[PDB]
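Here's a solo chain for you in structure tokens, the form deposited in one PDB entry.
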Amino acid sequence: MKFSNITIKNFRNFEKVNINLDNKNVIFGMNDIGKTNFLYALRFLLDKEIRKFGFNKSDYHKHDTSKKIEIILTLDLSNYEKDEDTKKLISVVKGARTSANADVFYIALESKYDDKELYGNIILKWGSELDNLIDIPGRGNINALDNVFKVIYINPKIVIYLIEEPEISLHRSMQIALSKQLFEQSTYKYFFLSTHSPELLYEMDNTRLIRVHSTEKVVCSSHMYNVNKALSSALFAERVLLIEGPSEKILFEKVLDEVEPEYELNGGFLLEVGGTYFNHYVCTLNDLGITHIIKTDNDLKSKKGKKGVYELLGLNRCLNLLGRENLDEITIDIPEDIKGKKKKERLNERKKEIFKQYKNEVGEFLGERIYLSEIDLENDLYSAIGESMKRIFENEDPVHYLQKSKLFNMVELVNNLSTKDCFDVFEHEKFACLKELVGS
């Protein structure tokens, strides 16, 4: 009884599309024209108050020719034993089943000859096979299809809901209450929800994501959702850059609005993880067709029980994202001396030798969407705008000046930064994580 797919041929934006469905469907995307045409395709198939006006000239493909519109719904009916809705659809259809063991049923909408009397005319045919479809019998204004289904449309009998953007002029907690009410109540068994707000999509289970695109053909991507608050604003994006901390984010929001400031309208997003852990995020983004991009920094860690033996932490966190094996450990000797500045200067010079030692493995990290820095953000930020960093802080060592307060000295660099400097950050050879987010 759970709906298999819909085939739309010659409608107002479509040429040949086959959108897989189930119950509880969510439609999003960039263009609103394809989302309105998807819900009006369901309204022309299953609602009589749109279907009684017929088709206009604008309801065909573009505005002229290809004068044969099919909208076909395929239900995947099968045997659900004594069921409330399935035995109802056995009971009203009756004689249009060609066999008693058929596990599929078709509802087809045909339209032809727009050019004669300026009128579309819509013919609805039942049938469990693609050949020998039987016409739906009706006496007056009422078909026998209208005894089965009922369509309720929301915009600011098996019941189908069609909801278009309920986030307009409501509070966000009312969107959270609508988000729980769409998935715990059994009266919202079948819907098609069009939305932009992330608060309607916090809790979500067993849901076909239908993504429409900005192309003129409009192709649709259809994905199953089975089982989070950070991912809800990243559900509406195709490309997600996964970054570690807020100091990365303030720099990237200053660069990405001074180079290409409409990146999130095109479908890019900046996602925080709050640490160095990406494997809980990339399995969620991989199942939903969202292209993750990972930016992380190379780190070293001292080993417990051994003095001088250091383990390769930032390399192994990219090897565990690929399912690979860990590396063997290194040995650094460090004297007593002072451990404030000089110990960090030994540990930078070891990590550069590591980063040139495993450069062909950095290459197969970068063949996937994992980008690993040489040391940190603050040291390859110094490799681009290091002539501009000494003027702002009035200091000889600006990396050590950012090392004291990582975010508070970052926002003083952000608040005094020129327009040409963001191109120098963005066009660097080591800031290539940004170039895969914008898609250029």
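All residue numbers are counted from 1 along the displayed sequence. The term rigid core refers to the maximal set of C-alpha atoms that superpose within 1.5 Å between the two forms.
Not on display, but discussed next: the form deposited in another entry.
Superposed on the rigid core, the two forms differ between this form and the one not shown by 2 Å or more at the C-alpha of one listed residue only; from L118, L322, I90, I142 that residue is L322.
In a rigid-core overlay of the protein, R391 has its C-alpha displaced by at least 2 Å between this form and the one not shown. Core-superposed comparison between this form and the one not shown: the Cα of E203 travels less than 2 Å. With the core held fixed between this form and the one not shown, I294 has its Cα displaced by at least 2 Å. Figure legend: C-alpha atoms of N279 and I27, shown here, are separated by at least 3 angstroms less in the other entry.
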